[PDB]
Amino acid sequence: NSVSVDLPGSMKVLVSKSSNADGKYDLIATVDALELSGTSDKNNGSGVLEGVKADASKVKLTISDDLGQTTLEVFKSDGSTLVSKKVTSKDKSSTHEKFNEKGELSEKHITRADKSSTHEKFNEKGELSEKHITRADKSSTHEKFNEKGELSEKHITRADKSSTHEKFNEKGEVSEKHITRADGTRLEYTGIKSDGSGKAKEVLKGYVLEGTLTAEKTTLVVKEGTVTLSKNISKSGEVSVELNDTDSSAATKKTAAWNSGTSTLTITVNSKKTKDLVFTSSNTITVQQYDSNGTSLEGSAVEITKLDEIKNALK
């Protein structure tokens, strides 16, 4: 007396086995703890089923003739002013729409078979205020729009959980850029001027490096005495480090050479190597001393954990 066929949207329809009075098989379903009722001339499960919520919201479920699609709409008392709509296909793709208290589109979520998704939010003028695109690898593009329809903020996340976020001022210029690396370290670019120059902070485990940003490169600076160490990061993220010492004295002046194969800075004082500073691909720094004669390294490299240790290595 009751065949139940499952529908797209994780729903079920229970249909009469045969004609009752008229040649229409009965259909009843329960969606979100509410019972729906409708009559169709087919034995599929196809047709329409209507109901009324506790707050008098009108609910209508329409099942495609071929069972491949469901459309669940929540109207208001009038049956016209929409509250919510959900369209779900057999491949489990879905569209979920929310509407404001006026029936105008407020939000729209689209979900696909691979669990990729798009989320759109709309403002009181019907303009797209936010758009979130989430790919199947969990990579994402999140955009926020100002009242003029232009970008206020853009944030891109990659599959490895690295990210780049850009904030735009009222003139369309990037004013702040924040980067979170896959390993958890971070870059903060603030006060970006109209030529792309600005202030730069690299947040590492245990310490923060500070410096400047140009469109060309980022340069972080540590100073101790007359010694300035400059850590440069290219447009490509390539790290290169240089050192300059204004020390008058030829006996005490520090010079340094950069090894691009190892990302290692070798400091030298009075013709003898003193220490190797390694800038790891893990965005850490290690320091290892040379022997008395400065020809071979000694002991084991020790990871830098505070800014003062970098300065101590520059003394």
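Numbering starts at 1 and runs along the sequence shown.
Note on 153-161 vs 98-106: mean CA B-factor is higher in 98-106. Comparing 70-78 with 220-228, the higher mean C-alpha B-factor in the PDB entry belongs to 70-78.
Among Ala29, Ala257, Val269, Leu277, the highest C-alpha B-factor recorded in the PDB entry belongs to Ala29.
Among all modelled residues in this chain, the alpha-carbon of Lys90 has a temperature factor (C-alpha) in the highest third. For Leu49, the recorded CA B-factor ranks within the highest third of the chain. Only modelled residues enter the ranking.
The deposited CA B-factor of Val287 belongs to the middle third of values across its chain.
When the modelled residues of the chain are ordered by C-alpha B-factor, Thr262 sits in the lowest third. Placement of the Cα temperature factor of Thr252 within the chain: middle third of the modelled residues, per the deposited record.
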